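The form deposited without the partner chain is given below as one chain in structure tokens.
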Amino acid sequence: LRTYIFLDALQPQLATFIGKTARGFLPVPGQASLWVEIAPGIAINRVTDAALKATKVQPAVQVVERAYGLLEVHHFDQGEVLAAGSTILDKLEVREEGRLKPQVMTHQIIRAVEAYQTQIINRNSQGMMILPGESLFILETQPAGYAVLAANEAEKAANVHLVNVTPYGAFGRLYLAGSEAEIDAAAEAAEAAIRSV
């Protein structure tokens, strides 16, 4: 069990980013959302099947990457999602606390990003544009799944733009853009959330 984290309600940009990029059943803002990462990757199919047979949740994500596998299930009813999470933990025979604790590989604020840099960031991103002169928050977590918690709590806490989030792979990466003050608040919220796991 690499990642296990429950989002009580998806913020609009995160839900929209998942919808623009994920392969599965799109979530909408406000739905509860549970994320589960495990190894080996292909074995996530066992987790998905358990959750879907037990509850009415819908999966936005089942990724099997080089080494790991990641699942998202969602529903407008928090308890329906939480019911799916309990089922998953029973199938895995581990409790919520047996999850790997998230580590922050990088947390940095880059002020007044130059146009040359935003152009490359943006060409590699599918979320909101970072525009020249905006501040950039970059967060790298390990394992990758927890990046969504940082993204959701940051968006909840400040007026910022979700540029990109990658909650799978060796490392989970998050890009936010906004004014310096809003990015400061978004960064504080994201970090306070990762450390609360």
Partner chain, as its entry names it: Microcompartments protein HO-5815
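Residue numbers count along the first chain shown, from 1.
Here 35-43 and 162-170 are compared by their mean Cα B-factor, and 35-43 comes out higher. As the entry records it, the average C-alpha temperature factor is higher for 87-95, out of 87-95 and 118-126. Of the candidates 49, 134, 65, 155, the deposited coordinates give 65 the top C-alpha B factor.
Residue set 144, 57, 151, 139: peak C-alpha B-factor at 144 (per PDB entry). Annotation for residue 108: CA B-factor lies in the middle third of the chain's modelled residues. In this PDB entry, residue 100 carries a Cα temperature factor that places it within the highest third of its chain's modelled residues.
Same protein, other form: the form deposited with the partner chain bound, not shown, and the subject of what follows.
At the 4.5 Å threshold, heavy atoms of residue 8 reach the partner chain in the deposited complex. In the deposited complex, none of the heavy atoms of residue 95 sits within 4.5 Å of a heavy atom of the partner chain.
Taking non-hydrogen atoms only, residue 86 never approaches the partner chain to within 4.5 angstroms in the deposited complex. Using a 4.5 Å cutoff between non-hydrogen atoms, residue 101 does not count as a contact of the partner chain in the deposited complex. Of the residues in 169-196, those that come within 4.5 Å of the partner chain in the deposited complex through at least one heavy atom are, in sequence order, 180, 181, 185.
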